[PDB]
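J.:
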Amino acid sequence: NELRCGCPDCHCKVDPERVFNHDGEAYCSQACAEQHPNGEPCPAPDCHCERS
Ligand SMILES: [Zn+2]
Ligand SMILES: [Zn+2]
Ligand SMILES: [Zn+2]
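Take 2 as the starting number for the sequence shown in UniProt numbering and just add one per residue.
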């Protein structure tokens, strides 16, 4: 009943209509969804994820 980012390290604003689905989980952006492949940051407020 709550739509949040899949990244367990980052609390990002997820768009209910533009949500990136991955592994059955919801993501704010492709960045967190793809586990950040080549250093792609997410549109998070202050952001946290810098790993992987
Ligand atoms: Zn995110
Ligand atoms: Zn992330
Ligand atoms: Zn982030």
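Just so it is clear, CB atoms sit at the ideal spot from N, CA and C, and this is done for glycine as well.
Just how far apart, CA to CA, sit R19 and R52?
T.: Here residue 19 refers to the residue found at position 18 when the sequence shown is read from its first residue. Here residue 52 refers to the residue found at position 51 when the sequence shown is read from its first residue. Distance between the alpha carbons of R19 and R52 is about 24 Å.
J.: Count the other C-beta atoms from every protein chain shown that fall within 10 angstroms of the C-beta of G25, then say buried if there are 16 or more, exposed otherwise.
T.: In the sequence shown, residue 25 corresponds to position 24, counting from 1. Counting Cβ neighbours within 10 Å, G25 comes out exposed, since fewer than 16 surround it.
J.: Judging by CA-CA distance, which residue of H37, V15, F21 is the nearest neighbour of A45?
T.: For this step, residue 45 is matched to residue 44 along the sequence shown. Of the listed residues, the one whose Cα sits closest to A45 is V15.
J.: In angstroms, rounded to a whole number, what distance separates the CA positions of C50 and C43?
T.: Indexing the sequence shown from 1 puts residue 50 at position 49. Indexing the sequence shown from 1 puts residue 43 at position 42. Straight-line Cα distance between these residues: approximately 8 Å.
J.: From the DSSP output, in three-state form, read off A45 for me.
T.: In the sequence shown, residue 45 corresponds to position 44, counting from 1. Note: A45 maps to coil in three-state DSSP.
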